[PDB]
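Structure first, then comments.
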Amino acid sequence: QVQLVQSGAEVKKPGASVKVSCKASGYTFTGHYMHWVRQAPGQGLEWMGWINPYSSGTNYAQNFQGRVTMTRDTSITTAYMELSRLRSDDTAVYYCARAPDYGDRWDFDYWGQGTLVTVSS
Amino acid sequence: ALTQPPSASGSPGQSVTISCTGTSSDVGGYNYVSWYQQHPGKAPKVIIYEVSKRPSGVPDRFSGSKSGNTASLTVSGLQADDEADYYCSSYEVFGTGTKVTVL
Amino acid sequence: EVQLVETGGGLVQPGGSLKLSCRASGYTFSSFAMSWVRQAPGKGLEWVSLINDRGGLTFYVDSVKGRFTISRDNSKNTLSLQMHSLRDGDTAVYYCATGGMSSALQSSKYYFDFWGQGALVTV
Amino acid sequence: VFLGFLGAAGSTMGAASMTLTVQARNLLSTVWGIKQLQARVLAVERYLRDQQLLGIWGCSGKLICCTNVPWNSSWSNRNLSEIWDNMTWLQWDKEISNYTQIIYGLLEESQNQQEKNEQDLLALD
Amino acid sequence: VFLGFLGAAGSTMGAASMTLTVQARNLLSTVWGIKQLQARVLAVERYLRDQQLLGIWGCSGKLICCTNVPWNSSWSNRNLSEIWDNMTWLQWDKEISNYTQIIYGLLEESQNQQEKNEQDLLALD
Amino acid sequence: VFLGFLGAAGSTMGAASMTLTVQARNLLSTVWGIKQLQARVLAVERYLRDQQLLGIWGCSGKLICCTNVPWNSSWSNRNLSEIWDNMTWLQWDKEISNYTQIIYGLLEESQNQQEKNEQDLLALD
Amino acid sequence: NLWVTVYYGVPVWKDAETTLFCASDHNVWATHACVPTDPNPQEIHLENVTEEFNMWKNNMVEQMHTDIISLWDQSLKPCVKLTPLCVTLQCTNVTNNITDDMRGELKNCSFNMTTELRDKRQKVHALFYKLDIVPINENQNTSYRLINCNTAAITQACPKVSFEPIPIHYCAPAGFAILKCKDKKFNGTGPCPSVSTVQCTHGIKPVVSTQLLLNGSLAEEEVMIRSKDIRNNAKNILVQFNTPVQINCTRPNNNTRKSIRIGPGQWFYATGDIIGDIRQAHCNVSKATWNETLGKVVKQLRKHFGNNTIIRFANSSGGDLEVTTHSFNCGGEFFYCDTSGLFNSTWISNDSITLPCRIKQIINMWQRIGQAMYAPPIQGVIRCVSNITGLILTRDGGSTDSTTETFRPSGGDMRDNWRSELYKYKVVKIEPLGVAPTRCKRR
Ligand SMILES: *[C@@H]1O[C@H](CO)[C@@H](O[C@@H]2O[C@H](CO)[C@@H](O[C@@H]3O[C@H](CO)[C@@H](O)[C@H](O[C@H]4O[C@H](CO)[C@@H](O)[C@H](O)[C@@H]4O)[C@@H]3O)[C@H](O)[C@H]2NC(C)=O)[C@H](O)[C@H]1NC(C)=O
Ligand SMILES: *[C@@H]1O[C@H](CO)[C@@H](O[C@@H]2O[C@H](CO)[C@@H](O)[C@H](O)[C@H]2NC(C)=O)[C@H](O)[C@H]1NC(C)=O
Ligand SMILES: *[C@@H]1O[C@H](CO)[C@@H](O)[C@H](O)[C@H]1NC(C)=O
Ligand SMILES: *[C@@H]1O[C@H](CO)[C@@H](O)[C@H](O)[C@H]1NC(C)=O
Ligand SMILES: *[C@@H]1O[C@H](CO)[C@@H](O)[C@H](O)[C@H]1NC(C)=O
Ligand SMILES: *[C@@H]1O[C@H](CO)[C@@H](O)[C@H](O)[C@H]1NC(C)=O
Ligand SMILES: *[C@@H]1O[C@H](CO)[C@@H](O)[C@H](O)[C@H]1NC(C)=O
Ligand SMILES: *[C@@H]1O[C@H](CO)[C@@H](O)[C@H](O)[C@H]1NC(C)=O
Ligand SMILES: *[C@@H]1O[C@H](CO)[C@@H](O)[C@H](O)[C@H]1NC(C)=O
Ligand SMILES: *[C@@H]1O[C@H](CO)[C@@H](O)[C@H](O)[C@H]1NC(C)=O
Ligand SMILES: *[C@@H]1O[C@H](CO)[C@@H](O)[C@H](O)[C@H]1NC(C)=O
Ligand SMILES: *[C@@H]1O[C@H](CO)[C@@H](O)[C@H](O)[C@H]1NC(C)=O
Ligand SMILES: *[C@@H]1O[C@H](CO)[C@@H](O)[C@H](O)[C@H]1NC(C)=O
Ligand SMILES: *[C@@H]1O[C@H](CO)[C@@H](O)[C@H](O)[C@H]1NC(C)=O
Ligand SMILES: *[C@@H]1O[C@H](CO)[C@@H](O)[C@H](O)[C@H]1NC(C)=O
Ligand SMILES: *[C@@H]1O[C@H](CO)[C@@H](O)[C@H](O)[C@H]1NC(C)=O
Ligand SMILES: *[C@@H]1O[C@H](CO)[C@@H](O)[C@H](O)[C@H]1NC(C)=O
Ligand SMILES: *[C@@H]1O[C@H](CO)[C@@H](O)[C@H](O)[C@H]1NC(C)=O
Ligand SMILES: *[C@@H]1O[C@H](CO)[C@@H](O)[C@H](O)[C@H]1NC(C)=O
Ligand SMILES: *[C@@H]1O[C@H](CO)[C@@H](O)[C@H](O)[C@H]1NC(C)=O
Ligand SMILES: *[C@@H]1O[C@H](CO)[C@@H](O)[C@H](O)[C@H]1NC(C)=O
Ligand SMILES: *[C@@H]1O[C@H](CO)[C@@H](O)[C@H](O)[C@H]1NC(C)=O
Ligand SMILES: *[C@@H]1O[C@H](CO)[C@@H](O)[C@H](O)[C@H]1NC(C)=O
Ligand SMILES: *[C@@H]1O[C@H](CO)[C@@H](O)[C@H](O)[C@H]1NC(C)=O
């Protein structure tokens with residue numbers, strides 16, 4: 001059974017950094033791209049980026065380029081996404097998603113539970 | 001960049017059709033257009049992939065096609081478990097979102 | 001356009017060794033089988049010999065089987081007939097013609113499509 | 001099977017041509033479990049290559065095969081008595097090593113493929 | 001041997017049927033000392049299987065073999081000029097991939113085994 | 001291919017002689033990547049050896065082959081109806097295991113090599 | 001009328017996947033096992049043949065990837081294991097004259113090493129790079145450990161095995177053929193109207209590098225842009241140059257090799273010291289040649305992204321050091337060069353560059369688990385001249401400005417490097433048996 005298990009919800013102040021993990025199981029980790037997509041409450045889906053869990057290469061959206069870092073650990077089969085310098089609108093449900101294959105398809109077969117990160121003063 | 005109606009509506013037994021419209025030109029970039037269904041509270045699931053293919057285990061009711069810039073889904077056989085948010089995707093772009101209300 | 005032109009025809013004595021040569025133009029010589037057919041001055045047509053498109057298979061009537069020799073050169077486009085031990089019954093106009101057989105990879109050509117001017121031979 | 005192998009190696013070619021089955025039957029059968037296996041595989045390929053030659057020539061299934069290639073005196077001017085009655089196959093192979101591939105080409109190209117095409121054309125008459 | 005290999009791949013089937021020996025001669029020849037050996041073994045099996053087909057048909061030892069199976073227009077309605085003079089073997093194999101095993105069965109079952117049994121019965125007259 | 005294999009093992013020899021292609025087609029295809037490879041190689045050698053027998057006899061490329069060796073009543077006195085109509089091949093092979101190598105020698109030595117030499121001499125008349 | 005005629009030797013083929021063997025003219029890639037090559041190998045042009053080619057589904061790339069990894073493991077198997085080196089190291093800063101570029105990159109570490117006698121130990125000292133040493137504890141105890149000691153065993157590379165890539169040729173077994181697309185403007189995928197059959201591929205050097213393709217093949221006429229889906233930003237863009245860009249990489253430090261006996265017959269090779277000054281390793285490229293090459297790459301990218309779109313080059317957005325830098329092996333040393341000055345330009349439709357390079361002696365090639373390699377030091381000064389023959393780029397997705405496209409270096413999956421050489425080769429299997437109608441009937 002393919003599963004993605006994300007860390008629990010977090011409360012942060014502006015200016016802090018937040019690091020969200022995603023533990024994967026049930027498939028070959030290096031064989032599928034991992035994508036990070038955020039959804040603010042009441043709004044639609046916003047794609048944040050992808051990481052190649054084999055080569056470790058990353059690709060960030062222009063809205064997040066310079067603030068977001070994505071990393072992976074193949075020993076414990078976990079993908080990480082870190083946002084620095086959070087702002088008020090950055091509150092959202094951050095999902096990790098597994099591509100159906102090695103970066104060719106963007107129809108995400110499996111999703112995590114979603115980590116709710118709220119930013120407030 | 002993939003505009004979608006704000007809301008759609010149907011009656012149990014009939015069919016609904018959601019449309020996704022792309023600002024960009026055709027340029028043969030619409031071969032890979034997928035659809036997602038987001039039941040409130042959970043993570044999206046994939047109903048259509050590559051315009052008119054279905055993941056194994058998805059009912060035949062969901063079926064989309066394409067016409068030039070536009071590309072649409074057809075939920076034929078609307079039940080009461082269809083109150084979700086439907087999103088069109090072309091690679092990284094996501095649709096704006098349509099809330100399908102059952103009547 | 002297909003122009004067949006025989007030469008080497010004339011007069012000879014019994015026991016003679018007469019060589020005719022038919023020159024072909026206007027078509028692919030190596031793609032067609034060739035035949036020699038003879039007509040006595042007072043009789044009808046008689047088939048004499050047949051050679052295939054590659055010049056490897058030769059056929060003759062029994063009456064000339066051990067005396068006549070059909071041959072071909074596909075570079076020079078020349079069909080030839082060497083008759084040895086010519087008999088009084090061999091007096092005739094000899095014609096070269098295209099057809100009479102074909103290879104397995106072609107349609108049947110069991111007929112003589114194109115013909116020559118003819119060449120008189122008096123034994 | 002081995003018994004009698006290469007016994008006519010020193011015999012005349014005529015006498016040594018009546019023992020062809022004895023040589024024919026002796027051509028076919030931890031890193032030492034791989035190398036020996038390679039040797040077995042090697043033997044098979046050699047056998048098949050020779051059989052392949054016999055098949056591209058009109059000699060499949062035969063140990064003595066007559067052909068339509070004329071002998072050339074350049075290859076050898078010796079009489080038949082000086083080849084079959086007064087000569088061995090090793091001496092003959094040493095002289096005709098120099099010409100083997102010309103004979104093999106003539107065997108392969110002109111005679112068998114022209115004969116095969118002529119049978120293809122005779123069979124449709 | 002390699003020289004001229006597949007040269008008539010783009011030629012017409014008639015022109016490409018005179019080079020059959022060129023393709024025929026190119027079918028036969030630390031984990032890397034095992035995998036390569038497996039490849040060699042694989043080649044042998046493929047060769048033998050094709051030869052086995054030719055033997056269950058009446059085509060052993062031949063590169064061009066004529067048979068008693070009538071052609072069926074369902075398999076192909078094209079003329080001979082549209083197959084041998086205006087067509088290549090790759091195009092022909094793409095069309096007739098669909099029908100290959102029916103022709104192979106007819107070749108195997110009716111014609112060769114009935115012919116072989118009829119020779120078995122003619123030889124005892 | 002496998003389908004029908006050995007189905008006529010319990011059938012009469014006559015009935016079981018019409019299924020020869022079914023058995024013929026089933027003869028040809030980390031230490032476990034070597035042992036299996038050895039098995040594949042073994043199969044090839046067995047096939048080639050049987051084919052070699054058929055080639056040293058005048059039986060290359062045939063599944064039914066008629067020969068010039070007379071049958072000897074010492075080998076078997078049974079009628080034809082008691083062999084082909086009332087008997088299976090396993091029973092026949094059990095009786096004639098005792099005589100197989102005499103028949104094989106007669107097949108190899110007298111008939112094929114004398115016939116081959118006689119064709120060598122008829123072809124030069 | 002017509003009868004079935006069987007032909008054997010038919011020039012027909014099918015798509016296939018098989019195990020291609022090796023041909024080559026104390027090496028990592030074995031070379032002794034690989035068959036010797038044959039002079040003047042035959043190349044036959046197939047006229048009137050159009051063959052479909054897919055580089056992005058070519059099993060030659062997967063086979064090459066597996067073969068190179070397996071050859072690397074086989075080369076490492078008989079070499080000295082350095083498991084005893086996982087001891088506490090006492091590291092201080094080098095006391096020679098050190099340039100500011102290198103102030104803190106190299107540490108002098110002392111430790112208690114084993115000897116040939118199990119009841120004795122020796123006090124020794126070795127120079128280690130900062131990218132290979134980890135603080136044991138956050139406190140300033142000056143006690144350090146090797147980077148791999150917690151996650152993987154480390155094996156020393158044999159000093160007698162050269163790391164120079166040599167050309168290798170992939171050859172088809174009998175019954176199979178390699179088809180080579182000879183079209184000089186081939187975009188990688190699709191029909192190829194100019195095809196040849198080869199016994200083996202050309203000489204392909206299995207050069208391991210990221211972001212820049214080194215010592216590869218050049219495009220015949222124009223820069224070639226190849227991508228499995230140019231609209232998919234998750235796939236890499238392979239750029240093949242039509243002219244090479246010369247890159248000169250040096251490790252300026254003069255280096256010594258100190259041999260320490262750690263077992264009865266096992267030697268560990270330490271850097272020891274540096275004679276003369278200490279200077280940073282670096283790579284130089286011509287500024288003008290690189291600028292014209294980027295102009296050509298932009299000219300070719302506009303054919304896919306628009307004549308009026310702005311093309312921007314920027315440095316890698318993230319990943320490990322192997323993919324954020326230009327990693328490569330030259331001279332026996334592993335360089336990780338900062339290409340932030342190669343990709344630092346905006347191109348609107350209207351001297352030399354020095355790249356600092358860091359060195360590691362502990363390398364984890366590819367991404368294997370529980371196996372690392374110590375690279376022994378090379379004596380002397382390393383000077384390296386290479387050709388840049390291509391790029392591996394990734395296009396930035398999720399852009400909010402449709403008038404500009406941004407491309408960044410990528411890499412780390414060597415199948416994209418070896419696919420840059422095998423793109424023109426396809427493996428097929430021969431189908432010599434066929435049937436056709438003729439007028440010939442069996443008697
Ligand atoms: C791209 O190709 C170029 C050209 O081939 C290549 O540069 C070459 O690298 C090799 C290996 O690094 C160099 O050869 C060395 O040269 C030094 C000069 O002093 C020698 O000392 C070396 O020999 C010692 O080391 C060997 C083991 O490496 C031992 O076998 C030997 O006994 C010595 O101890 C060795 O000859 C060669 O000079 C350069 N060529 C040039 C023109 O600079 C480059 O590395 C390739 N690029 C990549 C990324 O692979
Ligand atoms: C690294 O440290 C060692 C000591 O741990 C240094 O070795 C000493 O160097 C001094 C230099 O004056 C010598 O007098 C000592 O005899 C050396 N000691 C030993 C035990 O060999 C070494 O020079 C240092 N190297 C660097 C490059 O800083
Ligand atoms: C060897 O030569 C002699 C004559 O010198 C001959 O009698 C004998 O049979 C030959 N041996 C063989 C095995 O042919
Ligand atoms: C015999 O060989 C010579 C060359 O050695 C060649 O010129 C000649 O034509 C050949 N003769 C025949 C009859 O083939
Ligand atoms: C042929 O036979 C004669 C018989 O006297 C012999 O002397 C001669 O050497 C032989 N010639 C050749 C060319 O072998
Ligand atoms: C063939 O040539 C070699 C030298 O290249 C020579 O030894 C041999 O004897 C030659 N053939 C003949 C029949 O002499
Ligand atoms: C290719 O086709 C041309 C005609 O377009 C023909 O002349 C040529 O011989 C063909 N090539 C081959 C190798 O058959
Ligand atoms: C040809 O094939 C059809 C089926 O495709 C079959 O019904 C028909 O009987 C066949 N004809 C002959 C003459 O075998
Ligand atoms: C057969 O030949 C004719 C000649 O006019 C050609 O037009 C036709 O297409 C051919 N028919 C088939 C079925 O190939
Ligand atoms: C055989 O069927 C396949 C589809 O199953 C088709 O592509 C092929 O062309 C068919 N045969 C012919 C002669 O059209
Ligand atoms: C087995 O024997 C019976 C008669 O007892 C016969 O009818 C049947 O066909 C035989 N089975 C086979 C497979 O030959
Ligand atoms: C049959 O075999 C016996 C020995 O079992 C043998 O003596 C006899 O000559 C043989 N008969 C024939 C005709 O070969
Ligand atoms: C031959 O046939 C007869 C017919 O009555 C039978 O009884 C006898 O057993 C058979 N003989 C042999 C030797 O098989
Ligand atoms: C052959 O001999 C064995 C005993 O050695 C015996 O079992 C077998 O039945 C014999 N052959 C015949 C036809 O009885
Ligand atoms: C030693 O080098 C480090 C860099 O790793 C630096 O931070 C530290 O201040 C240096 N300490 C000295 C010179 O005492
Ligand atoms: C080496 O061992 C001695 C005790 O024998 C200890 O005092 C010293 O600190 C150790 N050295 C290092 C560098 O850990
Ligand atoms: C190659 O052209 C094909 C269409 O023939 C297209 O699918 C593919 O994307 C092209 N590749 C590039 C890099 O333009
Ligand atoms: C490095 O130092 C050694 C010390 O013996 C010297 O011989 C050598 O020339 C030096 N090399 C360079 C490149 O300075
Ligand atoms: C690189 O360029 C700099 C420019 O100052 C020069 O000093 C240095 O020697 C060059 N390096 C090489 C290896 O050519
Ligand atoms: C690289 O070195 C060569 C000599 O090996 C020199 O001609 C060239 O100019 C150098 N290139 C750069 C960019 O410094
Ligand atoms: C680079 O080349 C471009 C050509 O597009 C030119 O505009 C620019 O000035 C060049 N820059 C340098 C530094 O040579
Ligand atoms: C890329 O360049 C930026 C400055 O534009 C710098 O902050 C960043 O660290 C660089 N990244 C890499 C991987 O070199
Ligand atoms: C990148 O370019 C900027 C100007 O746009 C320059 O100031 C900076 O030094 C460059 N960075 C590098 C790492 O070359
Ligand atoms: C670089 O390319 C040039 C031109 O293709 C070539 O002559 C030279 O040998 C290449 N250099 C290397 C190191 O491969």
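Every chain in the structure tokens takes a letter, A first, then B, and so on in the order presented; its residues are numbered from 1, and the ligands are numbered from 1 following the presented order.
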Inset, instruction - Would you please extract all strand (DSSP E or B) residues from chain A, as assigned by DSSP on the backbone, and give them as a PyMOL selection string? - result: chain A and resi 3-6+10-12+18-25+34-39+45-51+58-60+68-73+78-83+92-98+110-111+115-119
At a cut-off of 9 Å around ligand 6, and using only C-alpha atoms and all ligand atoms, what residues come up? Please write them as a CSV table (one decimal) with N, CA and C atoms, in the first residue's frame.
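Below you can see out.csv, which holds the result:
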chain,number,residue,atom,x,y,z
D,74,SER,N,44.5,-22.8,-61.7
D,74,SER,CA,45.2,-21.9,-60.8
D,74,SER,C,45.2,-22.3,-59.4
D,75,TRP,N,44.1,-22.8,-58.9
D,75,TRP,CA,44.0,-23.4,-57.6
D,75,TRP,C,44.8,-24.6,-57.4
D,76,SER,N,44.8,-25.5,-58.4
D,76,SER,CA,45.6,-26.7,-58.4
D,76,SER,C,45.7,-27.4,-59.7
D,94,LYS,N,47.0,-27.6,-46.7
D,94,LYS,CA,48.1,-26.6,-46.7
D,94,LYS,C,48.2,-25.9,-48.0
D,95,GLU,N,48.2,-26.6,-49.1
D,95,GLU,CA,48.3,-26.0,-50.4
D,95,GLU,C,47.0,-25.1,-50.6
D,96,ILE,N,45.8,-25.6,-50.4
D,96,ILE,CA,44.6,-24.9,-50.8
D,96,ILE,C,44.1,-23.9,-49.7
D,97,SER,N,44.8,-23.8,-48.6
D,97,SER,CA,44.5,-22.7,-47.7
D,97,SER,C,44.5,-21.3,-48.4
D,98,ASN,N,45.3,-21.2,-49.4
D,98,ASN,CA,45.6,-19.9,-50.0
D,98,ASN,C,44.4,-19.5,-50.9
D,99,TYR,N,43.6,-20.5,-51.4
D,99,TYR,CA,42.5,-20.3,-52.3
D,99,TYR,C,41.2,-20.6,-51.8
May I have a table of the residues of chain G lying at most 7 Å from chain B, giving each one's closest pair of atoms and their distance in Å to one decimal, counting only C-alpha atoms, ordered by chain and ascending residue number, as JSON lines?
{"residue": "G:231", "atom": "CA", "partner": "B:29", "partner_atom": "CA", "distance": 6.7}
{"residue": "G:232", "atom": "CA", "partner": "B:91", "partner_atom": "CA", "distance": 6.9}
{"residue": "G:398", "atom": "CA", "partner": "B:92", "partner_atom": "CA", "distance": 6.4}
Please dump the current selection as an mmCIF file, in the first residue's frame; keep N, CA, C and O atoms.
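Okay, this is what ended up in selection09.cif:
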data_model
loop_
_atom_site.group_PDB
_atom_site.id
_atom_site.type_symbol
_atom_site.label_atom_id
_atom_site.label_comp_id
_atom_site.auth_asym_id
_atom_site.auth_seq_id
_atom_site.Cartn_x
_atom_site.Cartn_y
_atom_site.Cartn_z
ATOM 1 N N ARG G 231 7.310 21.198 -23.017
ATOM 2 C CA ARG G 231 6.307 21.870 -22.200
ATOM 3 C C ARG G 231 6.285 21.379 -20.757
ATOM 4 O O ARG G 231 5.570 21.961 -19.936
ATOM 5 N N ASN G 232 7.057 20.343 -20.428
ATOM 6 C CA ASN G 232 7.067 19.733 -19.103
ATOM 7 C C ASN G 232 8.330 20.188 -18.383
ATOM 8 O O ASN G 232 9.438 19.777 -18.742
ATOM 9 N N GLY G 398 5.967 27.301 -12.949
ATOM 10 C CA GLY G 398 5.169 28.139 -12.081
ATOM 11 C C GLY G 398 5.442 29.612 -12.253
ATOM 12 O O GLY G 398 5.230 30.389 -11.318
#
Legend entry - All residues having an atom within 9 Å of ligand 13 (only C-alpha atoms and all ligand atoms) as a PyMOL selection string: chain F and resi 76-83
Write to file, as a JSON list (two decimals), in the first residue's frame, the residues of the selection just made, with N, CA and C atoms.
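Result went into part11.json, see below:
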[["chain", "number", "residue", "atom", "x", "y", "z"],
["F", 76, "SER", "N", 12.61, -57.92, -34.39],
["F", 76, "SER", "CA", 11.19, -58.02, -34.09],
["F", 76, "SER", "C", 10.45, -58.82, -35.15],
["F", 77, "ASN", "N", 9.69, -59.82, -34.72],
["F", 77, "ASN", "CA", 8.87, -60.65, -35.60],
["F", 77, "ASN", "C", 7.41, -60.21, -35.68],
["F", 78, "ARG", "N", 7.03, -59.14, -34.99],
["F", 78, "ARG", "CA", 5.63, -58.72, -34.96],
["F", 78, "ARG", "C", 5.20, -58.22, -36.33],
["F", 79, "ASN", "N", 3.92, -58.42, -36.65],
["F", 79, "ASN", "CA", 3.37, -57.92, -37.91],
["F", 79, "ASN", "C", 3.31, -56.40, -37.88],
["F", 80, "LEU", "N", 2.83, -55.82, -38.98],
["F", 80, "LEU", "CA", 2.63, -54.38, -39.03],
["F", 80, "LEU", "C", 1.39, -53.97, -38.24],
["F", 81, "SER", "N", 0.34, -54.79, -38.27],
["F", 81, "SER", "CA", -0.86, -54.50, -37.50],
["F", 81, "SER", "C", -0.60, -54.58, -36.00],
["F", 82, "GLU", "N", 0.34, -55.41, -35.57],
["F", 82, "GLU", "CA", 0.67, -55.55, -34.16],
["F", 82, "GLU", "C", 1.68, -54.52, -33.69],
["F", 83, "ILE", "N", 2.19, -53.68, -34.59],
["F", 83, "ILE", "CA", 3.10, -52.59, -34.26],
["F", 83, "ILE", "C", 2.42, -51.24, -34.39]]
Inset, instruction - Skip residue 66 in chain C itself and residues of its chain fewer than 4 positions away, then list as a list in words all residues within 10 Å of it, counting only C-alpha atoms. - result: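 Near residue 66 in chain C, the qualifying residues are residues 60, 61, 62, 83, 84 and 85 of chain C.
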Selection export as a CSV table (one decimal), in the first residue's frame, atoms kept: N, CA and C atoms:
chain,number,residue,atom,x,y,z
C,60,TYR,N,14.0,-25.8,-75.8
C,60,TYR,CA,14.0,-26.0,-77.3
C,60,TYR,C,12.9,-27.0,-77.6
C,61,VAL,N,12.5,-26.9,-78.9
C,61,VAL,CA,11.7,-28.0,-79.5
C,61,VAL,C,12.6,-29.2,-79.7
C,62,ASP,N,12.0,-30.4,-79.6
C,62,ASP,CA,12.7,-31.7,-79.8
C,62,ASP,C,13.5,-31.7,-81.1
C,83,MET,N,22.9,-22.0,-84.5
C,83,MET,CA,22.4,-23.3,-85.0
C,83,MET,C,23.5,-24.0,-85.7
C,84,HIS,N,23.7,-25.2,-85.2
C,84,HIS,CA,24.7,-26.2,-85.8
C,84,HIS,C,24.0,-27.3,-86.6
C,85,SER,N,24.7,-27.9,-87.5
C,85,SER,CA,24.1,-29.0,-88.3
C,85,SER,C,22.8,-28.7,-88.9
Legend entry - Distance filter 7 Å around ligand 18, atoms: only C-alpha atoms and all ligand atoms, out as a PyMOL selection string: chain G and resi 254-255+275+380-381
Legend entry - Distance in Å - CA of residue 26 in chain B versus CA of residue 2 in chain B: 12.5 Å
Legend entry - Contacts of range 25-38 of chain D within 12 Å, only C-alpha atoms, excl. fewer than 5 positions in-chain, as a PyMOL selection string: (chain D and resi 1-6+19-20+43-48+50-51+63) or (chain E and resi 30-41) or (chain F and resi 30-31+33-57+108)
Would you mind listing, as an mmCIF file with N, CA and C atoms, in the first residue's frame, all residues of chain D that have at least one atom within 8 Å of chain C, where only C-alpha atoms are what counts?
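Full text of selection-v8.cif as output:
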data_model
loop_
_atom_site.group_PDB
_atom_site.id
_atom_site.type_symbol
_atom_site.label_atom_id
_atom_site.label_comp_id
_atom_site.auth_asym_id
_atom_site.auth_seq_id
_atom_site.Cartn_x
_atom_site.Cartn_y
_atom_site.Cartn_z
ATOM 1 N N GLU D 118 16.728 -20.301 -60.255
ATOM 2 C CA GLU D 118 16.253 -21.061 -61.409
ATOM 3 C C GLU D 118 15.224 -22.118 -61.017
ATOM 4 N N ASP D 120 13.238 -21.616 -58.451
ATOM 5 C CA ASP D 120 12.083 -20.763 -58.179
ATOM 6 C C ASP D 120 11.312 -20.448 -59.458
ATOM 7 N N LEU D 121 12.018 -20.293 -60.579
ATOM 8 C CA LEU D 121 11.361 -19.987 -61.849
ATOM 9 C C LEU D 121 10.884 -21.222 -62.605
ATOM 10 N N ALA D 123 9.647 -23.857 -61.101
ATOM 11 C CA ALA D 123 8.501 -24.353 -60.353
ATOM 12 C C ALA D 123 7.202 -23.623 -60.670
ATOM 13 N N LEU D 124 7.247 -22.497 -61.387
ATOM 14 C CA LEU D 124 6.044 -21.748 -61.735
ATOM 15 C C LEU D 124 5.670 -21.883 -63.208
ATOM 16 N N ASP D 125 6.389 -22.700 -63.975
ATOM 17 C CA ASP D 125 6.065 -22.914 -65.381
ATOM 18 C C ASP D 125 4.692 -23.558 -65.507
#
Legend entry - Spatial neighbours of residue 58 in chain C, max dist 9 Å, only C-alpha atoms, sep filter under 6 positions, as a PyMOL selection string: chain C and resi 49-52+69-71
